[PDB]
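This report concerns only the one structure given below.
All of this is worked out from the model, or read from it or from the source named; nothing here is a laboratory result. In this analysis, Cβ positions are derived from the backbone assuming ideal geometry, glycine residues included, and neighbour counts consider all displayed protein chains.
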Amino acid sequence: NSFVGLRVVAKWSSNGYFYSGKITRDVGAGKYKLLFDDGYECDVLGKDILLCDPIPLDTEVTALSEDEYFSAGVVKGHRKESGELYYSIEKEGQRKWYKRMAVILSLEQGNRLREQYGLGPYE
């Protein structure tokens, strides 16, 4: 048994930022059989939709504000319940508990991690 019910990030093309996903089963070497945190399922190769925390417990990440123009706040405490999801983003001096889609992350906040926790098992 392992991470076949894992916590994931969602990038289709590398365009500099990722959305959120959750896994259902593991598909081969490099792949994940996944559904988005909001209900969109597929099987894909992982360097797109992969095994995350999502991101490090010290992370000034981006919070859902505009498309190229979004603003940062910090991941500190997070959990996932059997049909409820909450990520505590420390923002504006207070904690915003959002299901993972109200946070985003960019590639280099992903790439720092990519080798150690998730953001690429395959090349």
message = Only one of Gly73, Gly93 is surrounded by 15 or more Cβ atoms within 10 Å (Cβ to Cβ), more than 16 Å from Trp12 (Cα to Cα) and either free of Cβ contacts under 8 Å to residues at least 40 places away in the same chain or not assigned by CATH to the domain that holds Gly21 (or both). Can you tell me which?
response = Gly73
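If we keep just the residues of the stretch 25-46 that are touching a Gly at 6+ places or on another chain (Cβ under 8 Å) and surrounded by fewer than 17 Cβ atoms within 10 Å (Cβ to Cβ), which is farthest from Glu115 (Cα to Cα)?
So in the stretch 25-46, the residues touching a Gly at 6+ places or on another chain (Cβ under 8 Å) come out as 30-32, 34-37, 45-46.
Still in the running and surrounded by fewer than 17 Cβ atoms within 10 Å (Cβ to Cβ): 30, 35, 45.
Details: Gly30: 13, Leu35: 23, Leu45: 16 Å.
This residue is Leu35.
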request  = Evaluate the stretch 33-45: report whether one residue or more is in contact (Cβ under 8 Å) with a residue 40 or more places away in the chain and in the same structural domain as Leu119 (by CATH).
outcome  = no
query = Here is a list of conditions, (1) assigned by CATH to the domain that holds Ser106; (2) outside any loop (DSSP other than H, G, I, E, B); (3) within 18 Å of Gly110 (Cβ to Cβ), and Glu68 meets all of them except one; can you say which number that is?
reply = (2)
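Being touching a strand residue (DSSP E or B) at 6+ places or on another chain (Cβ under 7 Å) and closer than 23 Å to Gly16 by Cα: is that true of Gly118 here?
Working: touching a strand residue (DSSP E or B) at 6+ places or on another chain (Cβ under 7 Å): yes; closer than 23 Å to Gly16 by Cα: yes.
For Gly118, the condition - touching a strand residue (DSSP E or B) at 6+ places or on another chain (Cβ under 7 Å) and closer than 23 Å to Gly16 by Cα - is met.
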